[PDB]
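Residue numbers (PDB author numbering), protein chains in the order written: chain A, 38 to 134; chain E, 38 to 134; chain C, 16 to 113; chain G, 13 to 120; chain D, 36 to 128; chain H, 35 to 130; chain B, 18 to 101; chain F, 21 to 101.
Report on the following structure.
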């Protein structure tokens with residue numbers, strides 16, 4: 038059988054996301070979760086649907102900013118994975134509370 | 038002449054300066070600095086003392102911010118010196134320009 | 016009779032009337048909500064300047080000098096996110112280490 | 013031939029009644045010259061062009077005819093000349109630029 | 036115009052504990068934050084009451100201004116005395 | 035059922051810069067959001083520095099200053115070149 | 018009617034977080050990036066829903082638009098483009 | 021007099037100026053990149069300094085105008101005038 042290295046999912050999945058800019062996170066569970074975090078401050082809110090699209094690509098943009106900086110902060114320290122000190126230094130340098 | 042171990046004397050000089058709040062760079066050095074960087078790209082113009090004092094205040098505050106979080110980025114890599122790759126990773130996490 | 020006292024509390028309202036007029040956009044602004052700009056400025060300046068009483072045992076010094084107010088504005092984590100990129104003239108840093 | 017000041021009295025292509033309206037809607041004080049202000053039409057003309065010319069640049073790169081959004085984000089990160097004009101550049105379904113780093117490839 | 040706030044700063048520091056003193060140079064720091072967060076709440080109040088295109092600026096938009104920029108704890112007790120003092124103007128006729 | 039729109043002048047200037055291409059609706063919305071927020075920040079600092087100069091009416095020198103201080107140097111030299119060129123053109127308001 | 022609905026807060030999961038995570042670029046993941054990407058999407062999304070729906074309610078309005086959340090994203094300083 | 025000299029060779033002040041925050045043992049070669057980063061920051065603040073001065077139309081500089089510029093670049097060194 039044909040088989041090639043665990044860990045060499047890298048470059049083919051690199052192009053496999055990179056050609057397409059469709060929204061990564063699956064939609065209506067994400068609707069459920071934003072509905073649930075919103076639902077416990079004030080009543081009877083709805084969403085407009087393109088507002089869900091807006092907050093969806095907002096979390097997409099902020100997450101890709103997050104682990105792009107943890108990616109190069111991981112390679113800052115001769116390291117091949119990301120781990121918890123990497124994301125914690127990202128959340129040091131974030132500047133936003 | 039008895040002077041013991043280096044390195045924790047670095048710590049008492051650490052606390053020595055950051056107790057104090059003296060304007061830490063030297064005056065006519067920044068004077069000639071800011072003239073001879075201003076006069077070239079736009080022509081001969083004149084300064085005022087409080088304005089130039091405030092602008093090296095800006096210079097001090099910005100660069101002390103960048104080297105303290107440069108220190109945090111350096112001690113990410115389990116290491117106690119300060120080296121250049123820490124600095125440019127600090128500049129890049131700080132919003133490249 | 017007097018507008019700060021017909022209001023009652025201790026900020027002036029008559030200048031922030033026209034200081035809002037100085038800055039406004041909407042071609043119309045109300046003549047009765049000076050009563051909240053003074054409340055805003057009362058609350059935020061007291062909610063910084065009363066904390067300056069925490070100088071006492073750490074300074075035993077009677078005026079509120081320029082490093083010292085930031086030297087206690089830092090540990091107000093509820094405060095530092097209101098002067099975020101803002102920074103002092105000659106203020107110092109709250110010290111710490113590794 | 014015509015007795016009508018046809019709104020491009022410089023010769024530009026954006027609506028000047030809209031520029032008079034946007035100047036009297038930012039509208040701080042009370043007297044604001046709406047006659048001189050075609051010198052902001054020229055700036056919104058210059059960067060209409062400073063996006064659509066590199067629209068025309070990456071229009072060849074995807075072999076389209078219809079201009080769309082991922083090519084808009086590759087043009088929004090054309091270059092440092094225009095990253096900084098829109099410091100927070102993220103446009104809707106814009107994706108990202110292609111980037112592997114030099115770190116991970118080691119011929120393994 | 037020559038116009039400051041530092042006297043009202045001094046009256047405030049007296050209606051604290053009156054034991055301390057306004058220092059020589061921090062009152063400029065106090066002036067600079069009172070006018071800059073004054074101006075930025077004025078900016079956001081301007082355009083937030085401009086998005087519903089209502090002509091004046093008034094009570095509802097100001098309490099939503101002074102909640103929608105300043106963070107949680109001082110915001111909610113801030114708006115508590117905001118309502119307090121604005122009733123306290125109307126406390127008399 | 036009544037809305038000011040930007041897209042019309044946008045597509046005519048797109049077709050005149052480059053001749054032969056097409057557009058798309060969400061890309062129409064991203065560049066009209068771009069044009070109104072770049073107007074938004076030039077306008078805000080235009081009012082701000084026509085406030086702090088203690089001068090009373092908005093002026094072309096003031097907004098040439100404004101466009102210099104907001105956008106970086108490459109499009110600074112561009113935008114000032116056609117700022118002066120546009121004011122040369124509309125200033126030249128003759129019978130012919 | 019009461020709409021009692023509990024956790025979807027883990028609801029995007031290890032393939033979902035790894036597909037967003039490699040979409041950002043990183044090609045080697047460690048076995049506990051569950052909980053921190055949890056907590057940080059908690060933080061960011063409660064920030065945006067707080068400011069957005071609070072001044073949506075300022076608009077006398079109990080029903081959110083999209084223009085309110087994009088004005089909140091520009092209020093936060095992360096101005097999204099192109100939904101109006 | 022107006023002649024160009026090199027104040028980029030500022031002073032080695034960073035071996036006390038990095039002694040403002042918790043810089044441990046230093047190990048050097050930072051002098052040239054601390055030189056580069058502070059020259060970038062000073063040129064960034066000084067071009068909009070002179071920008072308001074030509075909008076000031078008088079050939080001095082001043083402090084209220086420098087704090088106008090200083091917050092409009094975002095790096096608002098607060099509180100001096």
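For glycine and all other residues, C-beta sits at the position ideal for the given N, C-alpha and C.
In chain order, what residues of the same chain have a beta carbon less than 8 angstroms from the beta carbon of residue 24 of chain G, not counting five sequence neighbours either side?
-> Same-chain partners within the cutoff: 50, 53, 54 and 57.
Short check: CB of residue 47 of chain B to CB of residue 119 of chain A, under 8 angstroms?
-> In this structure, residue 119 of chain A lies closer than 8 angstroms to residue 47 of chain B by Cβ.
Where the alpha helix (DSSP H) through residue 43 of chain A begins and ends = According to the DSSP assignment, residue 43 of chain A belongs to no alpha helix (DSSP H), since it is labelled neither H nor E.
Name, please, each residue of chain E whose Cβ falls closer than 9 angstroms to the Cβ of residue 44 of chain F.
-> Under the 9 angstroms cutoff, chain E gives 44, 47, 48, 51, 108, 111, 112, 117, 118 and 119.
Around the C-beta of residue 86 of chain H, are 16 or more other C-beta atoms found within 10 angstroms, so that it is buried, or is it exposed?
-> Taking every protein chain shown into account, the CB of residue 86 of chain H has fewer than 16 other CB atoms within 10 angstroms, so this residue is exposed.
Simplified DSSP assignment, three categories, for residue 78 of chain C = Look at residue 78 of chain C here: in three-state DSSP terms it is strand.
Measure the CB-CB distance between residue 87 of chain B and residue 91 of chain A and report whether it falls below 8 angstroms.
-> It is a contact, given that the beta carbons lie within the stated cut-off.
According to a CB-to-CB cut-off of less than 9 angstroms, which residues of the region 39 to 68 of chain H neighbour chain B?
-> Listed by position, the residues of the region 39 to 68 of chain H near chain B (Cβ gap below 9 angstroms) are 60, 61, 62, 63, 64, 65, 66, 67 and 68.
Where do the ends of the alpha helix (DSSP H) carrying residue 68 of chain F lie?
-> Element bounds for residue 68 of chain F: 51 to 76.
So which of A/116, A/104, A/67 and A/95 has the shortest CA-CA distance to residue 104 of chain B?
-> Residue 104 of chain B cannot be examined here, being either before or after the span of chain B that is shown, 18 to 101.
Using the C-alpha atoms, what's the distance from residue 84 of chain H back to residue 70 of chain F?
-> About 17 angstroms.
Within its chain, find whatever has a CB closer than 7 angstroms to the CB of residue 39 of chain D; leave out the 5 residues flanking it on each side and keep chain order.
-> So the list reads 66, once near-sequence residues are dropped.
So with Cβ pairs under 8 angstroms, would you call residue 79 of chain E a contact of chain F?
-> It does: the Cβ of residue 79 of chain E has a partner Cβ on chain F nearer than 8 angstroms.
Residue range of the alpha helix (DSSP H) that residue 113 of chain C falls in?
-> Taken as a continuous stretch (DSSP letters only), residue 113 of chain C belongs to no alpha helix (DSSP H), as it is neither H nor E.
Note down, in chain order, all residues in the region 59 to 74 of chain A with a beta-carbon under 9 angstroms from any beta-carbon belonging to chain E.
-> Taken residue by residue, none of the region 59 to 74 of chain A has a beta-carbon sitting less than 9 angstroms from a beta-carbon on chain E.
Chain H contact for residue 29 of chain G (CB, 8 angstroms cutoff) = With 8 angstroms as the cut-off, residue 29 of chain G does not count as an interface residue toward chain H.
Give the DSSP-derived three-state secondary structure of residue 97 of chain F in the structure shown.
-> Strand.
Alpha helix (DSSP H) segment containing residue 87 of chain D, residue limits | Unbroken run through residue 87 of chain D: none, as it is neither H nor E.
Quick one: what's got a C-beta closer than 6 angstroms to residue 22 of chain G's C-beta in the same chain, skipping five residues either side?
-> The beta carbon of residue 22 of chain G lies closer than 6 angstroms to those of 50 in the same chain, with the five residues before and after it left out.
Can residue 110 of chain H and residue 92 of chain H be called in contact, C-beta distance under 8 angstroms?
-> Remark: C-beta atoms of residue 110 of chain H and residue 92 of chain H do not approach each other more closely than 8 angstroms.
Inspect the CB distances between the region 92 to 107 of chain E and the region 126 to 133 of chain E and report whether three or more fall short of 8 angstroms.
-> These segments touch.
Helix, strand or coil at residue 46 of chain G [DSSP, three-state] | DSSP places residue 46 of chain G in the coil class of the three-state scheme, outside both helix and strand.
Select from H/41, H/119, H/89 and H/128 the residue whose C-alpha is nearest the C-alpha of residue 60 of chain G.
-> The residue with the shortest Cα to Cα distance from residue 60 of chain G is H/41.
Who pairs with residue 102 of chain C in a beta bridge, going by DSSP?
-> DSSP lists F/97 as partners of residue 102 of chain C.
Hey, quick one: how far does the alpha helix (DSSP H) through residue 40 of chain D stretch, first residue to last?
-> First-last for residue 40 of chain D: undefined, no H or E at that position.
Please classify residue 119 of chain A: does DSSP put it in a helix, a strand, or coil?
-> Three-state DSSP puts residue 119 of chain A in a strand.
Compare the beta carbon distance of residue 31 of chain B and residue 51 of chain B with 8 angstroms and say whether it is the shorter of the two.
-> Going by C-beta atoms, residue 31 of chain B is nearer than 8 angstroms to residue 51 of chain B.
Using only alpha-carbon positions, find the residue among A/126, A/123, A/116 and A/95 that is nearest to residue 94 of chain B.
-> Answer by Cα proximity: A/95.
Find the residues of chain B that neighbour residue 93 of chain A, judging by a C-beta separation of less than 7 angstroms, and give them in chain order.
-> Within chain B, no C-beta atom comes less than 7 angstroms from the C-beta of residue 93 of chain A; the nearest is roughly 10 angstroms away.
Taking all protein chains shown into account, decide if residue 20 of chain B is buried (16 or more other Cβ within 10 angstroms of its Cβ) or exposed.
-> Here residue 20 of chain B is exposed. Its C-beta has fewer than 16 other C-beta atoms within 10 Å.
Measure from the alpha carbon of residue 92 of chain F to the alpha carbon of each residue in F/53, F/72 and F/57, then state which is nearest.
-> Taking only the C-alpha atoms, the option nearest residue 92 of chain F is F/72.
Residues of the region 37 to 71 of chain B whose Cβ lies closer than 7 angstroms to any Cβ of chain D, in chain order | Only 68 and 71 from the region 37 to 71 of chain B bring a Cβ to less than 7 angstroms from some Cβ of chain D.
For residue 98 of chain E, go through chain C and note every residue whose CB falls closer than 7 angstroms to its CB, in chain order.
-> The contacting residues are 102.
Under the three-state reduction of DSSP, which class applies to residue 46 of chain B: helix, strand or coil?
-> Annotated three-state conformation of residue 46 of chain B is strand, per DSSP.
Would the beta-carbon of residue 84 of chain E fall within 8 angstroms of that of residue 65 of chain F?
-> Not in contact: residue 84 of chain E and residue 65 of chain F (Cβ atoms no closer than 8 angstroms).
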